[PDB]
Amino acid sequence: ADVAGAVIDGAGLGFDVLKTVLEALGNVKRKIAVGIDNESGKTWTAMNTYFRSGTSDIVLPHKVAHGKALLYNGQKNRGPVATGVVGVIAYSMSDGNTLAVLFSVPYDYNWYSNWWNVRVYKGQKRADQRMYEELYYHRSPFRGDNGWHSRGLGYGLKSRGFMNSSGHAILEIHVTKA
């Protein structure tokens, strides 16, 4: 597969797939293509995306087994508004825990930058304003700086991810066993 909303083989996740996802959104000022590869050994089940800013029409891919990746996208709210796309995706995992992913693609790059983060929480925790504040303000998010960043997640897992710095953003994340 190759479109936002699909669950594909994990090895198939890569730039060309995401670039096509990003271009499919068309001419909007702020948008993001997200790909997350599950090599965690756990099965993931979608909970929700909390949009602090912006929106998506993509059904969050529901079941993402080990060895599979999900494709997703988001974009700024329609019309002459000076806002970007900022949100948190939450998946529950078969171990009873939650994988949380932050993305932030701001409107005003004079003041703000691209950011992302990945965290595992114990228990099933839906994405919400509180989780957004935790991931963005308190939990040392990574900059969308055209670099790869890796970090242990606890619970026997680790994350590695890459995000560019512009308003047409690509975020690629791989979750693996630590």
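In this text, rigid core is short for the largest set of C-alphas that superpose within 1.5 Å between two forms. One-based numbering along the sequence shown.
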Per-stretch CA RMS vs shown form in 5 other deposited structures of this protein, rigid core as reference, larger of 27-35/143-151 is 27-35
By Cα RMS to this form in 5 other deposited structures of this protein after fitting the core, the stretch ranking higher of 85-93 and 72-80 is 72-80
Higher avg CA temperature factor (108-116 vs 58-66, as deposited) belongs to 108-116
Per the PDB entry, mean CA B-factor is higher for 40-48 or 143-151, namely for 143-151
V21: C-alpha B-factor third of its chain, per the entry, is the highest
For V81, the third of its chain by CA B-factor is the highest
Here the Cα B-factor of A127, set against its chain, lands in the third termed lowest
Here the Cα B-factor of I170, set against its chain, lands in the third termed middle
In terms of its chain's C-alpha B-factors, the third that includes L157 is the middle
